[PDB]
Amino acid sequence: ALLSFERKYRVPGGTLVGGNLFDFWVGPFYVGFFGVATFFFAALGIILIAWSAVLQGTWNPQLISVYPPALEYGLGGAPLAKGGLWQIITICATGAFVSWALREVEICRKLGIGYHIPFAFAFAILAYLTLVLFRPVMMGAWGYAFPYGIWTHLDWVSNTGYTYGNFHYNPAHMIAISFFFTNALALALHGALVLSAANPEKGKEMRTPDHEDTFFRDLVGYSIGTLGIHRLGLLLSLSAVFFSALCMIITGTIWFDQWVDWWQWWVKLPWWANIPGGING
Amino acid sequence: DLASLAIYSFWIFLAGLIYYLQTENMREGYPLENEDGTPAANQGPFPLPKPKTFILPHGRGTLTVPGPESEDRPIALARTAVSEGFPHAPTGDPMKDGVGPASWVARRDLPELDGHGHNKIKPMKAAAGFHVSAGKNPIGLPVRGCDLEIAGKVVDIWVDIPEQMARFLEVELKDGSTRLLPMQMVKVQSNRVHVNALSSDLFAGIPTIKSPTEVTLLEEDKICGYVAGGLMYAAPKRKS
Amino acid sequence: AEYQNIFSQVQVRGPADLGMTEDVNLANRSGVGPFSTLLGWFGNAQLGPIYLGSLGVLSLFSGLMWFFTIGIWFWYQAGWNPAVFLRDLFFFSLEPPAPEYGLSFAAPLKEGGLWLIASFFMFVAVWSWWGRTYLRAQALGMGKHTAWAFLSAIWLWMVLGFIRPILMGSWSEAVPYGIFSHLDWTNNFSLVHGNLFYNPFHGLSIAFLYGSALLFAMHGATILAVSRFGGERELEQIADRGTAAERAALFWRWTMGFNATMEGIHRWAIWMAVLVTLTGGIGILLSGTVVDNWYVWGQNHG
Ligand code: BCL
Ligand code: BCL
Ligand code: BCL
Ligand SMILES: CC[C@H]1c2cc3[nH]c4c(c3C)C(=O)[C@H](C(=O)OC)c4c3nc(cc4[nH]c(cc(n2)[C@@H]1C)c(C(C)=O)c4C)[C@@H](C)[C@@H]3CCC(=O)OC/C=C(\C)CCC[C@H](C)CCC[C@H](C)CCCC(C)C
Ligand SMILES: CC[C@H]1c2cc3[nH]c4c(c3C)C(=O)[C@H](C(=O)OC)c4c3nc(cc4[nH]c(cc(n2)[C@@H]1C)c(C(C)=O)c4C)[C@@H](C)[C@@H]3CCC(=O)OC/C=C(\C)CCC[C@H](C)CCC[C@H](C)CCCC(C)C
Ligand SMILES: COC(C)(C)C/C=C/C(C)=C/C=C/C(C)=C/C=C/C(C)=C/C=C\C=C(C)\C=C\C=C(/C)CC/C=C(\C)CCC=C(C)C
Ligand SMILES: COC1=C(OC)C(=O)C(C/C=C(/C)CCC=C(C)C)=C(C)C1=O
Ligand SMILES: CCCCCCCCCCCC[N+](C)(C)[O-]
Ligand SMILES: CCCCCCCCCCCC[N+](C)(C)[O-]
Ligand SMILES: CCCCCCCCCCCC[N+](C)(C)[O-]
Ligand SMILES: CCCCCCCCCCCC[N+](C)(C)[O-]
Ligand SMILES: CCCCCCCCCCCC[N+](C)(C)[O-]
Ligand SMILES: [Fe+3]
């Protein structure tokens, strides 16, 4: 149940709530108050999904889908069977995600490490919350949120995007995508660089961080450095999500039409708007 | 259908990849152990991989993993419960004993070397011709602990030469001796360096280095461990 | 408050680092570029040096030729008016030959021929760049992980512009060179193939792209969290595990019940990222060659 080096780390303390009440492990897993909170929120949500599945009349995981209230409910409560289940499950999900983060905080405290991980995870939570809370509230109905189903969540992405033409034309979406793609590029490069130094040509000595700098300077003329690359990975992945959130929060609140039309502001700048030729004249 | 065969083949590949990846990740820390150090009965479904050998540069030897595992240090902790899964309490001063968040690992008692075989980390005075290039120069600043008392003064920066970065501050105490403070654990301000992890009385307790012009991996671990340990173990006098 | 190690507090600088020698031909290496204090807040301040050599010259020349072939076509489309050039920049497009020309290299210059020429230049640019990722590692005695990972990206690129059009029997299937038009092409590709959301390989591709962001956020945050114990010195933590690596490991073990090593996390990383374009390429390759309509295929499971 313990890694060879683990024992010296398994000390009391670090908890945020309840002192030593929940200060223990189950196998590898640390508990803590928020470990218990996670369990409660998660088990509740799952029971409610199963209830919704019964009301839907299916146990097929590829068919089960829990929908938000119809638009006519606005931001009000709804019958369990007509959106209420979705609403309570959303609360459970939020409670579970936030509890997971807070449990991570407890783990950081015990290990005496920085809080970077739960801080990063909070970006993911905030993106989820953009889609099920901030946006629907700003738009004035829970029904603008996505449904909880494997395929139906994708229908919602497809229907929501196409409400505005090709959703590619959303400028914040473009930046988000760039961050996602660049992040994967940098993840591949980071993994490869470290590995190529730790596993050199057959029979050679391990290369050093100096060789990692040299390879990359040789290749592209720059090396961000070992601290830099981990900051970058974090920045890229968090920016990707930040701009994801941004791109959705502006959609249906301050921008309403086909996203393609937004770009016309540049085209119609008065100094060139009326010149004949090109694509737009 | 070829797309069917493709997707079925991929899932088989993927399970194989995950198996490979998980076993690659068991080269340290396994086999799993009961809380008394004996091999655990349940080792999980993944077996240890075949050993690999790293050839270390600069005649430093080799590393073979997986291999026989031991802490190579005493651990001043004791069970708080008969059943598994509960904390082990410090039997002494956890900070002085290097346990919990003050833990350190029995790393090599030699300094990390760069690609050319020179010490990676040097005090700036011995690093030609390194200098502060931007931000507040902390040399000369008083160092304040979390009790808001002065514990010393910055007399140098220890730099990572190959990476051109500040790694430690060398801090002189009242008695004229110095300690390394990890750069990640200090706040450089305009009139002081503030150290949140340690109260003024805890600086003398920071592990010391054998030679004044180099730091070994073991020393770094003891120092970094001790300083990080203060966030949990000095929390009494802070209050700030 | 506590320092977070996102930005450095104090920069230090020394003599320019000219780097390791090994089997590198030092004559093909440039001098150092300038130092950027601005970059230095976040990563290394030093720019250069860079390795030139014959392959690199070829790659750079080729790449520039690709870029200028497109640009000259844009200028043409703009009627050589610079204001129109700037106005309509993202709307210009160098398009492949029409389907009636098939795979033929006799497509007229202004109807696909220039696209073929641009594509030839990009082909050599990228493949010579790949050789360079291999050779730069080789001259340093390093593993070839970069060249192998780069091959996964090249796979999708090859499928999009080369392999799929050849199997489909016309260049008209390839992607045009244009900012907006490459987007229109992407949208249209899904529409015509019955919605790529029903392509299980597109789903996998997305799992790994999202996963890459998940995993890099995890790894990045982890290393920064243990940088107070020198955790970013990953190679030395591999050679001689420290408390950084141990605390990193245990954070994850206690959180989610399993963990990596300092070396192995970088294997999770490289695979997570390369699987993006590997599955992606497969998904695109089967589209139209084997599966006309992904919705339909899904209804059959095969
Ligand atoms: C036809 C469809 C439209 C379109 C529709 C829209 C719509 C609509 C949306 C996007 C959004 C996304 N689109 Mg788009 N977009 C399309 C074209 C694309 C293309 C492409 C190559 O063509 C790409 C790359 C993208 C990519 C982008 C991303 C920027 C973004 C999704 C990531 C995200 O929000 O993360 C955020 C991360 C999360 C939400 C996950 C958080 C989950 C956390 C908190 C916890 C859950 C864990 C728990 C349940 C697990 C159980 C425990 C188990 C034990 C594991 N789109 C086309 C044009 N796009 C979305 C977006 O920006 O969202 C904000 C969005 O709503
Ligand atoms: C992010 C922007 C859009 C989005 C658009 C897309 C698109 C487009 C696709 C997916 C796909 C996925 N989405 Mg989605 N989806 C979003 C909302 C989310 C949320 C959430 C916010 O809580 C969740 C849990 C999921 C999860 C799912 C997975 C079923 C699938 C692969 C994800 C993945 O590997 O991620 C990366 C993370 C990991 C690798 C970690 C593993 C975690 C996964 C495996 C957990 C899945 C849990 C799921 C079965 C629910 C379990 C809940 C239980 C009741 C406890 N999506 C929003 C609305 N999503 C793909 C798919 O194939 O769907 C069929 C796909 O093509
Ligand atoms: C309306 C749009 C369609 C769409 C149809 C498309 C199509 C078409 C494709 C994708 C593809 C993908 N889609 Mg989709 N997709 C849909 C909506 C989604 C959504 C969503 C709804 O949120 C998401 C998240 C995704 C996301 C994804 C990615 C997982 C995947 C691309 C991975 C990649 O790294 O490519 C980026 C990486 C590359 C293209 C490789 C680059 C290669 C190198 C060699 C290039 C060198 C460049 C160099 C010459 C220039 C240098 C200049 C510099 C100055 C140096 N899609 C909808 C249904 N999608 C791709 C895929 O694989 O699908 C299976 C694809 O072909
Ligand atoms: C911000 C950068 C990226 C990121 C970061 C990130 N994610 C993280 C973390 C961080 C650093 C971790 O600390 C944490 C983790 O422990 O990972 C191993 C995590 C995590 N990200 C996860 C998933 C995830 N992250 C996502 C992506 C991202 N995470 C971003 C791209 C996605 C996408 C892109 O779809 C998914 C699916 C988990 C593996 C883990 C969070 C685990 C957790 O919160 O557990 C507690 C809750 C449960 C055990 C289950 C709750 C059940 C609910 C009550 C019911 C289900 C409701 C749900 C809304 C239904 C959805 C149905 C779908 C079909 C739509
Ligand atoms: C695993 C999949 C992910 C991935 C992996 C990946 N990409 C990679 C690598 C790998 C590991 C390489 O090693 C290789 C690399 O060297 O990266 C630094 C690369 C690479 N991926 C790149 C981009 C890229 N990758 C893509 C993404 C991805 N790459 C996937 C997400 C994409 C996307 C998402 O659309 C892009 C655009 C390049 C930076 C690089 C390939 C370099 C190359 O083939 O260059 C050929 C062209 C030239 C040599 C010059 C081009 C000319 C320019 C268009 C304009 C002129 C500017 C010029 C550079 C200045 C010169 C002027 C002087 C004379 C003054
Ligand atoms: C200021 O003006 C100047 C002229 C000075 C500079 C301006 C330049 C400008 C504005 C250029 C802008 C370039 C743009 C917008 C490029 C955009 C490119 C994009 C978006 C590419 C997207 C996808 C590209 C793909 C998938 C290409 C694939 C290519 C291949 C796989 C090559 C296949 C090879 C072929 C067809 C040739 C076959 C021949 C042999 C011998 C094998
Ligand atoms: C393998 O790790 C990597 C580094 O090397 C150790 C890098 O350096 C970079 C490149 C970083 C940047 C910010 C390029 C911009 C540089 C200038 C001149 C403005 C990437 C992507 C990388 O993944
Ligand atoms: C709200 C969605 C319903 C939750 C479904 C439970 C997750 C099961 C995993 C889906 C994959 C189905 N499977 C394993 C049979 O292939
Ligand atoms: C997303 C990839 C799936 C990762 C989950 C499978 C790996 C967890 C299994 C590790 C078991 C831990 N153990 C028993 C070896 O200590
Ligand atoms: C993908 C990373 C791209 C980094 C940008 C390239 C920077 C070129 C620096 C080389 C300059 C050296 N110099 C001045 C001697 O030519
Ligand atoms: C490197 C390990 C990462 C494992 C991620 C696996 C996630 C599975 C996503 C389900 C995709 C389902 N489908 C139908 C699109 O294939
Ligand atoms: C693709 C999602 C899969 C979710 C399964 C959860 C993986 C965690 C495995 C941890 C191993 C637990 N163990 C063996 C130590 O008991
Ligand atoms: Fe790393």
Side-chain angles (χ1 to χ4, degrees), chain A residues 3 28 61-62 150 184 187-192 194-196 198-199 202, chain B residues 1-32 42-54 65-66, chain C residues 143-156 158-159 199-216 218-219 238 249 252-253 256-286 290-291 301-302:
Chain A
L3 293 178
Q62 285 196 84
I150 285 175
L187 190 64
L189 291 167
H190 177 58
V194 169
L195 292 177
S196 68
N199 304 270
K202 173 125 241 283
Chain B
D1 170 70
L2 180 60
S4 300
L5 179 83
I7 193 65
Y8 179 89
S9 294
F10 174 87
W11 281 106
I12 284 167
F13 164 79
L14 183 65
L17 185 55
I18 291 169
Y19 181 86
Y20 160 79
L21 287 169
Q22 181 58 32
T23 60
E24 278 308 307
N25 280 266
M26 290 159 74
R27 297 180 180 283
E28 316 254 353
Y30 291 76
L32 296 180
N42 187 33
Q43 289 294 319
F46 305 97
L48 297 174
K50 290 175 149 191
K52 74 196 284 191
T53 291
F54 295 102
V65 288
Chain C
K144 312 300 178 290
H145 300 72
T146 296
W148 302 145
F150 187 23
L151 214 57
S152 184
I154 285 165
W155 163 246
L156 177 54
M158 284 291 280
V159 164
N199 184 157
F201 284 105
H202 186 258
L204 284 174
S205 189
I206 284 167
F208 299 116
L209 183 71
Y210 288 175
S212 290
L214 161 66
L215 184 54
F216 215 166
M218 284 163 66
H219 180 56
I238 292 172
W252 287 114
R253 182 161 204 92
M256 65 177 190
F258 73 113
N259 63 260
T261 59
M262 196 59 83
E263 191 195 4
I265 194 42
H266 293 93
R267 300 192 179 273
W268 281 105
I270 196 184
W271 276 108
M272 181 71 78
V274 324
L275 287 162
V276 172
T277 38
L278 270 207
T279 60
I282 294 175
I284 297 308
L285 186 65
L286 299 161
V290 169
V291 176
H301 295 302

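Labels below follow one simple rule: chain letters A, B, ... track the order of the sequence lines, proteins then strands, and each chain is numbered from 1. Scope of the values below: all heavy atoms of this structure, side chains included, with no hydrogens, waters or symmetry mates.
The side-chain contact (heavy atoms from CB on, under 4.5 Å) search around B:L48 returns B:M26, B:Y30, B:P31, B:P66, not counting sequence neighbours. For B:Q22, the side chain to side chain donor-acceptor pair (under 3.5 Å) criterion is met by no residue, not counting sequence neighbours. Here C:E263 pairs with A:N199, B:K52, C:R267 under the side chain to side chain donor-acceptor pair (under 3.5 Å) rule; sequence neighbours left out. The side-chain contact (heavy atoms from CB on, under 4.5 Å) check on C:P200 picks up B:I7, C:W294, C:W297, with sequence neighbours excluded. With sequence neighbours excluded, the residues forming a ring-ring contact (aromatic ring centres under 6.0 Å, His included) with C:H219 are A:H190, A:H230, C:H266, listed by chain and number.
When all heavy atoms of C:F216 and A:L187 are compared, the closest pair comes out as CE1-N, 3.4 Å. Of all non-hydrogen atoms in A:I150 and A:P61, the two that sit nearest each other are CD1-O, 3.7 Å. Contact between A:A184 and C:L209 at its shortest, heavy atoms only, is CB-CD1, 4.0 Å. Summarising the geometry of C:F201 relative to B:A3, their closest heavy-atom pair is CE1-O, 4.3 Å, with the distance given to 0.1 Å. Nearest heavy atoms, B:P47 versus B:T23: O-CG2, 3.4 Å. The two residues B:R27 and C:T261 come nearest to each other via the heavy atoms N-CG2, 4.5 Å.
Under a cut-off of 6.0 angstrom, the local environment of OH in B:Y8 is sparse, with at most 12 non-hydrogen atoms contributed by other residues, nucleotides or ligands.
Judged by distance alone, the side chain of B:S4 and the main-chain N or O of C:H301 form a donor-acceptor pair under 3.5 Å.
Here C:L204 contributes atom CG and C:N199 contributes atom CG; the two are 9.0 Å apart, rounded to the nearest 0.5 Å. If you take CH2 on C:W271 and CG on B:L17, they are separated by 5.5 Å, rounding to the nearest 0.5 Å. How far CD1 of C:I265 is from CG of B:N25: 6.5 Å, rounded to the nearest 0.5 Å.
Taking the side chain as every heavy atom from C-beta outward, C:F258 and C:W252 never approach each other to under 4.5 Å. Side-chain contact between C:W155 and C:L151: absent, with no pair of heavy atoms (C-beta onward) separated by less than 4.5 Å.
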Under 3.5 Å, side-chain donor or acceptor atoms of residues 273-286 of chain C against the rest of the protein: list the pairs with distances, not counting sequence neighbours.
residue, atom, partner, partner atom, Å
C:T277, OG1, C:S152, O, 3.2
C:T277, OG1, C:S152, OG, 2.8
C:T279, OG1, C:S205, N, 3.3
C:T279, OG1, C:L275, O, 2.8
C:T279, OG1, C:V276, O, 3.3

